[PDB]
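Participant: I have a structure I would like to understand better, so I am pasting it below and will then ask my questions one at a time.
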Amino acid sequence: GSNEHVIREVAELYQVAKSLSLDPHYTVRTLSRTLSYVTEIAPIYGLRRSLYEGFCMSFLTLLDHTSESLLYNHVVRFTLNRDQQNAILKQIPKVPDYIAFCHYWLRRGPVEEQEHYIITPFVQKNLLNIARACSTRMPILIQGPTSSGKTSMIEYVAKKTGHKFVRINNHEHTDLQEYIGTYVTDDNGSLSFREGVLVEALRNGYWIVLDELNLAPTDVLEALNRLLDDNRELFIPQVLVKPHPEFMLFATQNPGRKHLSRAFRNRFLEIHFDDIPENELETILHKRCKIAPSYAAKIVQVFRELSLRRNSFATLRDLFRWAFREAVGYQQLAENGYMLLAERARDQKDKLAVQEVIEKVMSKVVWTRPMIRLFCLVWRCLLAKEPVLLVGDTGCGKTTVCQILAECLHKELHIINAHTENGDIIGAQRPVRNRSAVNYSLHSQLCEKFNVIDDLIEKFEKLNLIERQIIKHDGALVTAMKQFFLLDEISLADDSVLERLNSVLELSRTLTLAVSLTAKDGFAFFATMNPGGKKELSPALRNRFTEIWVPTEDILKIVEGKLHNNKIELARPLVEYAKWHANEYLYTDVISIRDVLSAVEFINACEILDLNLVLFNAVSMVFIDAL
Ligand SMILES: Nc1ncnc2c1ncn2[C@@H]1O[C@H](COP(=O)(O)OP(=O)(O)NP(=O)(O)O)[C@@H](O)[C@H]1O
Ligand SMILES: Nc1ncnc2c1ncn2[C@@H]1O[C@H](COP(=O)(O)OP(=O)(O)NP(=O)(O)O)[C@@H](O)[C@H]1O
C-alpha cells in the first residue's frame, strides 16, 4: 500500500521475486514476511528504499554469494550511487524518533546495560548489524558453529539494553522444570511451582534464548512450539504473560544428531551466523589476549590447519583458553601450550599424533609415570585456575590425583558424589535449623529494642531475628568459595545446578540465591565424569571446562603399597595372573584395577597361612570363579 516511486519499487520487488531464479533456497513466502517486516520498520526509522534494503537483508541472511545482495541493493538502491549507498548509511534521521544503536539501528530501550571487552572486527560487526536488523521487529533462530559465539553476539547486542541474555542451555534431556520452573517450599508452606526461567523472561524482560534446541528433549520442543502458537501467552497451571519486547532468540547448530523440525525451521525469521574469518580471529585475539605478532598469528593459522586436516572437540573457546593460558613468552613454550591444550581431549593416539605434527608445522601415595601426565596437567590448569574436568576409565586414578594435589597444594578438597537436593547443596541448602540458634535468640532478645522472654518477643513485635525464630541455607561450593570442589561423576549431576555452574564457570563466580554473586579464592570445580544414563552436558558446558583424558610393573608396585606388611610376592604372581586372565578372559590389555584392588584387599585380609593357598583362594574368589 503505502507513490509512483513506490510503483517503481513494486517493479523492483517483483524483480527480486523474479530473480528468485538465481540458483527452499529463498523459497516463496519468505517475501511475504519480508514485506510484513518492511511494513513494520517503515515509518520506524526507514526510507521505503531503506525499508526494502532492510527487507532484502533478511532475504539474503542465509545465502551463499552476495552477488544476489549486489543485485538486491542494486534494485532497492536504484529505486531509492556510491554516495547514494552512503546515504543509505545515514542513520541520523532514522535514529530520530527507545535506546538507539549505532547505524541503520535504533532499537527499543530495562536494566541499564553498557559495553564490554567484546571487541568487534569487520565480519563480526556485519553479522552483528544483521542480528540487530532482525532485533527490532518481533521469533528468530540462529544456527551455525557453536565456538564462533552466537550468544557472544547476542549478548554483545544485549549490552545495548534491549535486555539481559538469559541463555537457557538445554543439553540433551532438559525437562520442563528448566523451562517452566518449580521450586522448594517455604518456611512452612508448600509452593510447588514457584519459579521459572522461560516464564520469568515471559513476565519480565531479560531476553531468553532456548539454546542448543537441535538436541531438544523431544517434548519441550513440542510444548515450546505450543508456546509459539500465541505470541507471548504461556499457560502453565496460570494462563498467559503477554510480554513487552526483550527478544525471543534461539540457536540450533550447523546442520545427523537429531535434525530439527523444518516446520520449526519455517516458523521463525531464521539466520545463519557462519564462522568468523581467519585474520578476523587474528585481530580478535590480539586484544582480549596479550598480543604477539607470530605466536598469536600462528595459533590462528593452526586452528585453520586443524580445520584443514578434516563429535570431538575443536572449540575456539579452548583457543581463548590456549591464549590466556599461555604465559609463555617463547614460541616453543607457546607451542607446547597449544599442544597440551589441544592434547587434552585425545581420545586416540592417532589424532593426537596428527595434531602434534600439525603443531610441528608451526604424602601417603606412590609416584607413577602414566599418571604423571595427568598430575602435571592438573597442576598447570590449577595454576591457571581454569575449569578442569576429568574423563576416562572408571577407576583409573582420578580421585588419586585430586587428593595428590590437595596434598601438595595444602587445601580442603570437599568432594561430592552425584545421582535432587544435595546437588543444589553443592551450591546451597535449606535444611531445618540445628537449634543452637533457638538459644541464641535469647541473646538476640538481649540485643533487641525494648528489652529489660517470648512475651518480650511479642513486645518487640508491638513497636529480623524474630522472623528467624519463627522459621525454626549454606552450601558446598558456597563453603568452597567461602573458604576446591571435586563434584565427581558430573555427567549424572543436575541441570539447574549445572546451569548455575555454567554461571560459576566463565572467569567469575555467582551465588544465585534475592541473590548475590560469590567471589573465588581458588574455588576450583576440579570435577570428573567417567566415559561411556551417561548423558553428557551441553557442548558448551563440556567446552567451558578444560577437560583431560586418561588411560605395567608399577601396577604391581602399587599393589605392593596396597598390600600387607611382608606378604609380598603373591601380588607379583597376582599381577601377571590378572594379565593372563585379561588376555584370556575378555581379551584386552587393561589391568582392570577394581579386580586387582579387591584381590589385594582379600590378600591383605588373609587370616590364614600358606601364601600360595591364600593367593589360590583369592584368585579363585575374584577372577577365576567369575568366569
Ligand atoms: N567478540 C568477542 N570478544 C570477546 N570474546 C569473545 C568474542 N566472541 C566470542 N568470544 C568468546 O568466545 C566464546 C564464545 O562462545 P559463547 O560466547 O559461549 O557463545 P556460544 O558458545 O554460542 N554460547 P551459546 O550460543 O549459548 O551455545 C566465549 O568464551 C566468549 O567470551
Ligand atoms: N600411583 C599411585 N599411587 C597411589 N595409588 C594409586 C596410584 N595409581 C593408582 N592408584 C590407586 O588406584 C585407584 C585408582 O582409582 P581412582 O580413579 O584414583 O579413584 P577411583 O574411585 O577408583 N576412580 P572411580 O572408581 O572411577 O571413581 C585408587 O585406589 C588409587 O589409590
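Participant: So how do 617-626, 259-268 stack up, highest first, on mean other-Cβ count within 10 Å? List each step's numbers first, then the result.
Facilitator: Values: 617-626: 16.2, 259-268: 13.3.
The packing order, highest mean first, is 617-626, 259-268.
Participant: Could you give the dipole magnitude of the range 105-181 about its Cα centre, charging the beta-carbon of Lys and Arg +1 and that of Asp and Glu -1, in debye to the nearest 20? Write down the numbers at each step before the final one.
Facilitator: Values: 10 positive and 7 negative charges, 95 e Å.
The calculation lands at about 460 debye.
Participant: Among the GluC sites (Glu not before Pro) in the range 194-235, which ones are in a DSSP loop with at most 16 other Cβ atoms within 10 Å of the Cβ? Mind listing them? Don't jump to the answer; show the numbers that get you there.
Facilitator: Details: sites: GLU195, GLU200, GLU212, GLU222, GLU233; in loops: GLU195, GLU212, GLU233.
Answer by residue number: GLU195, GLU233.
Participant: Right, something else. 7 Å from Cα along Cα→Cβ at both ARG203 and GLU412: what's the point-to-point distance in nm?
Facilitator: Taking the two extended label points, one gets 3.7 nm.
Participant: Listing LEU383, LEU615 from the residue with the fewest other Cβ atoms within 10 Å to the one with the most, what is the order?
Facilitator: Details: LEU383 11, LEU615 20.
Going from sparsest to densest Cβ surroundings: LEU383, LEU615.
Participant: Right, something else. Can you find, among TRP207, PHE264, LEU477, the residue sitting farthest towards the positive end of the charge dipole of the chain, where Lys and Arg contribute +1 and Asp and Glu -1 at Cβ?
Facilitator: Of the candidates, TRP207 comes out farthest on the positive side.
Participant: If you rank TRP207, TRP105 by fewest surrounding Cβ atoms within 10 Å, what's the result? Spell out each step's value before the answer.
Facilitator: Details: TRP207 23, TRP105 20.
Fewest-to-most ranking of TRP207, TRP105: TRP105, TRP207.
Participant: Output wanted: per-residue J couplings in Hz (rounded whole) for the range 373-378, from phi through Karplus 6.51 cos²θ - 1.76 cosθ + 1.60, θ = phi - 60°, x for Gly and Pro.
Facilitator: Each residue's phi maps through the Karplus curve to give 8, 10, 5, 5, 5, 6 Hz.
Participant: What three numbers, in Å, describe the spread of the alpha carbons of the range 115-208 along their principal axes, ordered from the longest?
Facilitator: Its Cα atoms span 57, 28, 27 Å along the three principal axes.
Participant: If r is the Cβ-Cβ distance from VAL361 to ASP554 and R0 is 30 Å, what FRET efficiency results, to the nearest 0.05?
Facilitator: Values: r = 35 Å, r/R0 = 1.17.
Step by step, r from the Cβ atoms, then E = 0.30.
Participant: Okay, moving on. Mind checking the dipole of the range 369-528: about its Cα centre, +1 per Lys or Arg Cβ, -1 per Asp or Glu Cβ, Debye to the nearest 20?
Facilitator: Values: 18 positive and 20 negative charges, 97 e Å.
Dipole size: approximately 460 debye.
Participant: What do you get for Rg/Rh over the chain if you use C-alpha atoms and the Kirkwood form of Rh?
Facilitator: On the way: Rg = 30.6 Å, Rh = 29.0 Å.
Taking Rg over the Kirkwood Rh, I get 1.05.
Participant: Sticking with this structure for a sec: If I model a spin label at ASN439 and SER2 as a point 7 Å from the Cα along the Cα→Cβ vector, what separation in nanometres do I get?
Facilitator: It is 7.8 nm.
Participant: Here's something else I'd like to know. Farthest toward the dipole's positive end in the chain, which of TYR183, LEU405, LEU463, given Cβ charges of +1 (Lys, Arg) and -1 (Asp, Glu) about the Cα centre?
Facilitator: The residue sitting most towards the positive pole is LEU463.
Participant: Across the range 240-250, in residue order, what do the Karplus-derived ³J(HN,Hα) couplings come to in whole Hz, using 6.51 cos²θ - 1.76 cosθ + 1.60 with θ = phi - 60° and x for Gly and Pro?
Facilitator: Karplus values, whole Hz, x for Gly and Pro: 7, 10, 6, x, 7, x, 10, 4, 9, 5, 7.
Participant: Let me ask something else. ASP474 to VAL432: FRET efficiency via 1/(1 + (r/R0)^6), r the Cβ-Cβ distance, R0 22 Å, to the nearest 0.05? It would help to have the intermediate numbers written out before the result.
Facilitator: Details: r = 13 Å, r/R0 = 0.61.
Efficiency for this residue pair is about 0.95.
Participant: Please list, or write none, the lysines whose alpha carbon is within less than 24 Å of the alpha carbon of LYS360, excluding same-chain residues fewer than 8 places away.
Facilitator: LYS290, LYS298, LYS349, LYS351
Participant: Now, a different point. Quick one: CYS402, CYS289, fewest Cβ neighbours within 10 Å first, how do they rank?
Facilitator: Details: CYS402 23, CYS289 18.
The most exposed by this proxy come first: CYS289, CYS402.
Participant: Now for a separate question. How far is the Cα center of the range 338-363 from the Cα center of the range 540-555, in Å?
Facilitator: Spelled out, the Cα-based centre of one part sits 13 Å from the other.
Participant: Still on this structure, please answer the following. Rank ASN81, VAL6, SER69 by how far each Cα sits towards the positive end of the charge dipole of the range 1-92 (+1 on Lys, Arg Cβ; -1 on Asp, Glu Cβ) and give me just the farthest.
Facilitator: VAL6
Participant: With the crude spin-label approximation of a point 7 Å out along Cα→Cβ, what separation in nm comes out for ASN188 versus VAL515?
Facilitator: 2.9
Participant: Rounded to the nearest 20 Debye, what is the dipole magnitude of the chain about its Cα centre when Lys and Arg each give +1 and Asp and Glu each give -1 at the C-beta? Numbers along the way, then the final one.
Facilitator: Values: 74 positive and 78 negative charges, 396 e Å.
In debye, rounded to 20, the chain gives about 1900.
Participant: Going 7 Å from the Cα of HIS419 along its beta-carbon direction, which residues of the range 530-554 have the amide nitrogen within less than 18 Å of the resulting point?
Facilitator: Backbone N within reach: 530-538.
Quick note: the coordinates plus some simple rules give every number you see, no bench work behind them. Neighbour counts are summed over all protein chains in view; Cβ atoms, including those assigned to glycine, are modelled from backbone coordinates with ideal geometry.
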